[PDB]
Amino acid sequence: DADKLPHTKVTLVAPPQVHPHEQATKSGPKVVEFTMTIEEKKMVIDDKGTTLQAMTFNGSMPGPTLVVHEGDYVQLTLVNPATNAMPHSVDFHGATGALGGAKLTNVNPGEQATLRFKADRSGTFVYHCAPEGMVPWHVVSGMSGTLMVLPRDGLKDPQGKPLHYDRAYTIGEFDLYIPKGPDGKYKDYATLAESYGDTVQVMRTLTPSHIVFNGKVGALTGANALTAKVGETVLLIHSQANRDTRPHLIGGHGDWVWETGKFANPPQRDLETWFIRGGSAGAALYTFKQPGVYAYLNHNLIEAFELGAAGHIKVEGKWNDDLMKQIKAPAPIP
């Protein structure tokens, strides 16, 4: 059909939000049009002013989440402005053929391209830049995000019963490899190209200098904490385009989790910690039962607390003493 089908245009929004969309839908297949514009820029990634010579989709790490339904066609215009120094492309893990689209979206600065592919498989899928010979650098420098392809009748549990979320959040976790000089301080680079050789040396050690949600230590804390309320079901989409992570909600659970991120498979329930394979996006549902400030983090606690892979969720509502109660507050031992 394709060329026969109706088209719709979607306006993308910045992480950690996800653009408005339906879950279960009575709509038939559409060509869903998206546009993204690559921005290279220096970004401050921690609380002591370390910078990253970063590369982004639409100015953010991660790039925005694109949401369609199974059977839809994704039609992306990828724009690489002449103000950028490097060629780029996009590899959609949700797509079939031509290195995910990368061979057909090879754009030099001042060019754009339009790729169409059929989203014939449900799930959360990573997309990332994949320019020939420079793949890992472009990815670790920030160029990834999530395509979510929802089943046309919405999410299902292992018995085929309906599942839903009331709010979606998208978290991209970024293993960064910032070089240091002879003084042990992080290097600051005047240009993207100048960061390259030293960064590759760091990459090859396999030890990140920082591991951050959404582009910086503390990105999802303070004023920028995620929010929910008791009784609300959140979807937490978690992408890691290069390295394994193990998400966990402190004082919560993964009620239903697709850790490999593919919705035609039954989810697991009651998880404490789940596993996102480097090069993938997964999805967890949780319904809040207690108010308070939760942490959502990578449960390698070093990676979380020392290197930056941790955020907060501030939840409104009424405390539930049946679920948890302080029987005796801290007080002197008898």
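All residue numbers are counted from 1 along the displayed sequence.
**Study point:** Stretch with the greater mean C-alpha B-factor as recorded in the entry, comparing 207 to 215 against 130 to 138
**Key:** Result of the comparison: 130 to 138.
**Study point:** Mean temperature factor over C-alpha atoms, higher-scoring stretch between 9 to 17 and 308 to 316
**Key:** On average, C-alpha B-factors are higher across 9 to 17.
Exercise for review: Sort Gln112, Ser195, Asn242, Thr233 by C-alpha B-factor from the entry and give me just the highest.
Suggested key: Comparing C-alpha B-factors across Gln112, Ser195, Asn242, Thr233, the top value belongs to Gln112.
Review point. Say you rank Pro29, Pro266, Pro64, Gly282 by Cα B-factor from the PDB entry; which sits at the top?
Key: In the PDB entry, the greatest C-alpha B-factor among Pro29, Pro266, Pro64, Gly282 is found at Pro29.
Review point. Compared with the other modelled residues in the chain, in which third is the CA B-factor of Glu33?
Key: Highest third, going by the recorded CA B-factors of the chain.
Practice item. Would you check the entry's CA temperature factor for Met86 and let me know if it's in the chain's lowest, middle or highest third? Key: It belongs to the highest third of the chain when residues are ordered by C-alpha B-factor.
**Study point:** Lowest, middle or highest third - CA B-factor, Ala223
**Key:** It falls in the top third of the chain.
**Study point:** Chain-wide C-alpha B factor ranking for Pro182, given as lowest, middle or highest third
**Key:** Highest third - that is where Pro182 ends up once the chain's C-alpha B-factors are sorted.
Practice item. Report the third (lowest, middle or highest) to which the CA temperature factor of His164 belongs, ranking only the modelled residues of the same chain. Key: Middle third by C-alpha B-factor.
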